[PDB]
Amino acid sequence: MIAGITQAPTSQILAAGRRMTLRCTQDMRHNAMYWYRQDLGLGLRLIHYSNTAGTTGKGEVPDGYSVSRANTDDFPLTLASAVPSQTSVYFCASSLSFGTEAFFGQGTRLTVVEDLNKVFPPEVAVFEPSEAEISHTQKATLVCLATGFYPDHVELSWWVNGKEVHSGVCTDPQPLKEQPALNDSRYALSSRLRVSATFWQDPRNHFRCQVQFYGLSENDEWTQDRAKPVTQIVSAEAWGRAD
């Protein structure tokens, strides 16, 4: 019945030089609140912290960020002038008092881009189990590929007969770069779903790979020929086949 800690937005693409406030609110009457960024080599680095309403302090990496703590509920993180090194995953956390268990929010993917029309949605395709796999193992692996996306703000899920599956699934933990020589390279991500040969063979079974992309908001301006690369779902699907 408490909402707990919630961060807003869940995703943001920012043009360089723009101001941005990440919000974090909690309805748990917690006194201590924290902002961290997480980056692949570096783990979680404390940006700023606030042990109590009206007191804030600098963490390990405070430069380029500020916070305030006017109220117990809220701890806003402000980027005065966003630069590409601020591309990160940001986590707000809170604890009842300084020293107790920290509870983390869901995280905010923030990508700061110098050029907005580097931003692209994924294309999605499902590849059907090979007949040689079915014959050799009595199992049937489907592969989903999400390709051509930038930045890497995607969540891939599998849906079998309208219900999300987790069993027999694995998805790459990191997307790969399609052109690693380019520092603005588009990305690709794959996932597998493996079922028994008889499940795949039933033409009543429906398999869908769904990719949630987080892009430009409805606010942002767009002037290119192609569609505005908004936050959107791209899917692909296959039906079971006896033959």
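In case it trips you up, residue 1 is the first one in the sequence shown, and so on.
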- Item | Per the entry, higher mean C-alpha B factor between 198-206 and 214-222 | 214-222
- Between 6-14 and 21-29, the record assigns the higher mean Cα B factor to 6-14
- Query: Among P76, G148, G105, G162, which residue carries the highest C-alpha B-factor recorded in the PDB entry?
  - Reply: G162
- Peak C-alpha temperature factor (PDB record), options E123, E128, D115, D172: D115
- Among the modelled residues of its chain, the C-alpha B-factor of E133 falls in the third labelled lowest
- Query: What third of its chain's C-alpha B-factors does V119 belong to: lowest, middle or highest?
  - Reply: middle
- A140 CA temperature factor, ranked by third within the chain: lowest
- Would you mind ranking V154 by its C-alpha B-factor against the rest of the chain and naming the third, lowest, middle or highest? middle
- CA B-factor ranking of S94, expressed as a third of its chain: lowest
